[PDB]
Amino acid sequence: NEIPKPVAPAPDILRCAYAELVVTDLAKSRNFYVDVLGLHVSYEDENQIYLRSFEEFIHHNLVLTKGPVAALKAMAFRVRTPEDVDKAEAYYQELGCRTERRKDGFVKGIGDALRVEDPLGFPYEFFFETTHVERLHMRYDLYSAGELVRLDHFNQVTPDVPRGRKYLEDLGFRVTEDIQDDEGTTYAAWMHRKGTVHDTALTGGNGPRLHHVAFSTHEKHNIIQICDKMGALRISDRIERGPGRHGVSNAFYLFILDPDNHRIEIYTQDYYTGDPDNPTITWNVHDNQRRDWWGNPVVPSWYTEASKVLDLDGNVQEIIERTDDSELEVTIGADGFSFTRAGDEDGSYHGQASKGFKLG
């Protein structure tokens, strides 16, 4: 069931700007994002923490909101002009979606804002106006050895990737890289507005769920330092996967889990995608260098676990089951297969993960 291209013009989206995450214990979450990860506090009170990255000038990149059920409450994109908020509203209304408009914003530091239940069941916000704050990009007196310098992207779990992909292309995101097989199945797609590999991405699975939010560092050693620090704090069990080099994106990466199991990616040094004919790279799902370029196995939790998302009323969205093939199953499951070198049996894996591991 294809999502039609509206007649109304798409809003001009600049970039991913922030996420609002609902958390169950604010103090424990603050300890994770401020004390462990070093994000900068823009505002806080008893109910909310507003956090930003080292180079950000908008009010925040992350809002932690106390609530009963941990979930993604909104993924927010900044648009180019105030008038793009009107465009967003008309666009989503034509798509048949629920929309909510607040002239004074939903969260502090954001002005006129539109939140929508998009056609994949995701809570998207579009805004232009935001309170500028001190841009800390040269505050080396604050710089941490693991400093998170920007918000980079979101990653969304959704059951039908081509359906979502077409809708995001209409909205103006261009696909930079994807994962497919020779039987017609799409497992994942990465798409951008701002000229990095992505602003959001679709990962095939039961959804809507939020796979992760990603922040970048300047250098690879900053990511290693996050791991080293987590060991020193004796919370290495909260390192889910990595560090590694991605095939898709070519970025150095790490996946870690917050106190409510919301997944955060730390990412650095992908490439420029701003040209309109930027070459799209398609990887085969059975290529064992596609997710970790060094062939390290992808733990099953990476495929199966992700965050609930909320509707505009704050209720959890119902999960829709993926009927397409499962990336986990076709690569590391019982009938799974992966290769190091296409057409070579040597360095291939049958019914198990790479490097001597099987599904727990």
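Residue numbers run from 1 along the displayed sequence.
Using only the Cα atoms and their B-factors as the entry lists them, report which of 47-55 and 308-316 averages higher.
The entry gives the higher C-alpha B-factor average to 308-316.
Determine, for stretches 85-93 and 207-215, which one has the higher mean CA B-factor as deposited.
Comparing 85-93 with 207-215, the higher average CA B-factor belongs to 85-93.
Could you say which of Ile179, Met138, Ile239, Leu171 has its CA atom at the highest B factor, as listed in the PDB entry?
Spelled out: the listed residue with the top C-alpha B-factor is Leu171.
Name the residue from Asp112, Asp199, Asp287, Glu147 with the greatest C-alpha temperature factor listed in the entry.
Top of the list by C-alpha B-factor: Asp112.
Once the chain's modelled residues are ordered by C-alpha B factor and cut into thirds, is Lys66 in the lowest, middle or highest one?
CA B-factor rank for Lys66: highest third.
Considering only modelled residues of the same chain, in which third does the CA B-factor of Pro259 rank: lowest, middle or highest?
Ranked within chain, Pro259 CA B lands in the middle tercile.
Going by the CA temperature factor in the PDB record, which third of the chain does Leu328 belong to: lowest, middle or highest?
For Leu328, the deposited C-alpha B-factor lands in the middle third.
Pull the Cα B-factor of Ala334 out of the PDB entry and bin it into the chain's lowest, middle or highest third.
Highest third.
If you rank every modelled residue in this chain by C-alpha B factor, which third holds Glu129: lowest, middle or highest?
Highest third - that is where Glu129 ends up once the chain's C-alpha B-factors are sorted.
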